[PDB]
Every structure is written in C-alpha cells, then in structure tokens.
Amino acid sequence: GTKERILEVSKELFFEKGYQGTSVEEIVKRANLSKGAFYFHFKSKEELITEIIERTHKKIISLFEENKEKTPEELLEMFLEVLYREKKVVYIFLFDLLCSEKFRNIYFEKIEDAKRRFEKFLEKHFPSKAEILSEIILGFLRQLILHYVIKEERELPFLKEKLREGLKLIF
C-alpha cells in the first residue's frame, strides 16, 4: 500500500544521497503523494528511517527463526543472501546510522541483537566456542560486505564463494 510505497521511495533516495540530504518533500514528490499521506503513516523523518531498519531487522529475526535447524554454514549462506538482497538498506545502516551521532545506538543495538541470536544458535552444538565463533564470523561477514558490496559491488556468487571457504576453514 501507500506505506510500502513511501518506504520503497525513501530507501531509494537515502541510498542515493543519504538521510540528511533527503527531505520529506523530495520523498513525497517522487512518490506522487501529499504530505498528509506521508504524515498519516510516519510522524517524522526519524520514524521513517527507524521503520526501514526495523523491517530489515525483522527479516533477519525471521531468518534465524526459520532456519534454526540448518548447519551453521547453511544458516550463514542464507544470512548473506538476505543481506545482499537488502544491500541498499545495509548501505543506509552504515552511512546513515553508524556514521551518525544521533542514530549510532540503533546500529549497535541491531548488531548486538543479531549477535545474541547467532550466539544462541551456536550454543547448541559448540557451547564452549559459540561466543568466540560469533565474533569471528560476524567480523568476517562484515569484512566481506564492506569490501565486496560497499567498496565495490561484486555479484553474489563471489561473496558466497568467499564465505563458504572461510566458514569451511573455521568449522
């Protein structure tokens, strides 16, 4: 519906030119909507970006819930696939949240939540190493995204090959 359309247009504009550099006026113009339509769904630009992040986080929560019986390697392959599909939001997450002073806490809150869930999953078969593995693997996944999605946009097969080999070495 309209809320979905606003979210899509906002993700596009924030990806293209940042949160600070995009106004509600530009968003509604691009979406061919009135300001009233926007404010009916979002009370502020702040609520809007928070929802964008929240919805991608929810896909991550779903990923963990729906794949808790998979091997760590397969769960991680799925995690990378979702992040790649959501790469515009990943870009916003880094440049508009981590890089900000106001939203830095959200960036870390979401990472910590993903880390807690990943740890819980790993405690099942690697209890004494789950804490360590979560740091290593999240660090490795972030290195791959930063260099092969953010610095340069490589195609997904390349990232999957890198992830697969690194996880094989680790496990």
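Numbering starts at 1 and runs along the sequence shown.
Annotation for 133 to 141 versus 118 to 126: the higher mean temperature factor (C-alpha) is found in 118 to 126. Mean CA temperature factor is higher for 19 to 27 when stretches 157 to 165 and 19 to 27 are set side by side in the entry.
When the CA B factors of the chain's modelled residues are split into thirds, the value for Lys151 lands in the highest one. Per-chain ranking of the deposited C-alpha B factor places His41 in the highest third.
For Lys58, the recorded CA B-factor ranks within the highest third of the chain. Only modelled residues enter the ranking.
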